[PDB]
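So this first bit is one chain, no partners, the form deposited without the DNA, shown in structure tokens.
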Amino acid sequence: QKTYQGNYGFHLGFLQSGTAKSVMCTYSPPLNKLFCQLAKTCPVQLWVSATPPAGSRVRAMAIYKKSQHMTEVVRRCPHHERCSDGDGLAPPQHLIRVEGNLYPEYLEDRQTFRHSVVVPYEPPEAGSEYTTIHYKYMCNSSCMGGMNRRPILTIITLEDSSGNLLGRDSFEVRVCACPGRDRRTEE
């Protein structure tokens, strides 16, 4: 999916990580793909070249990468949906959750029925040039009944208070047991 830096120069950033066997979350710049373990927090950076209007929001949503599966809503597999690992905020069917934010909104589109999690857009902290949001994926890419080995993309959109699109940028994701190993291979 095409990126849209838009009027505010919106784009994502990821900390530099290696491919060590014990790494729990590692991003690959050449593949623009995030490799992470189940339920492990992944810090994603939000960069802008100009401050967005007040009341702006940041939405995260997963879609299947391959054309033939793109219309299918991405959800947790039945097994994980019933494992009772809820934090009291996120519905059990949602794949993506946010951690460390007091204002997450777990939404379900009234027309497409796709899931997403939204948090307020907040400026970078003192002496910082990016904002960090911590995301976690509650299902493995291999989960049958779920993503079933189908690659997904995580679309991050910057929206105004009215829900209008301001910016967009995405990355592929693979939720596996050994992020370090899989990254080097795919690379």
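The first residue of the sequence shown is number 1, and the count goes up from there.
Another form exists, deposited with the DNA bound; not displayed. Remarks below refer to it.
Heavy atom within 4.5 Å of the DNA in the entry with it bound - residue from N32, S142, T132, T41:
Going through each option in turn, the one that passes is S142.
Should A177 be counted as a contact of the DNA in the entry with it bound, where contact means heavy atoms within 4.5 Å?
Within the cut-off, so yes.
Is the gap between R149 and the DNA in the entry with it bound 4.5 Å or less for some heavy atom pair?
Taking the distances in the entry with it bound, the answer for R149 is yes, it comes within 4.5 Å of the DNA.
Choose one stretch from 120-128, 61-69, 134-142, 158-166: the one whose residues place a heavy atom within 4.5 angstroms of the DNA in the entry with it bound.
The contacting stretch is 134-142.
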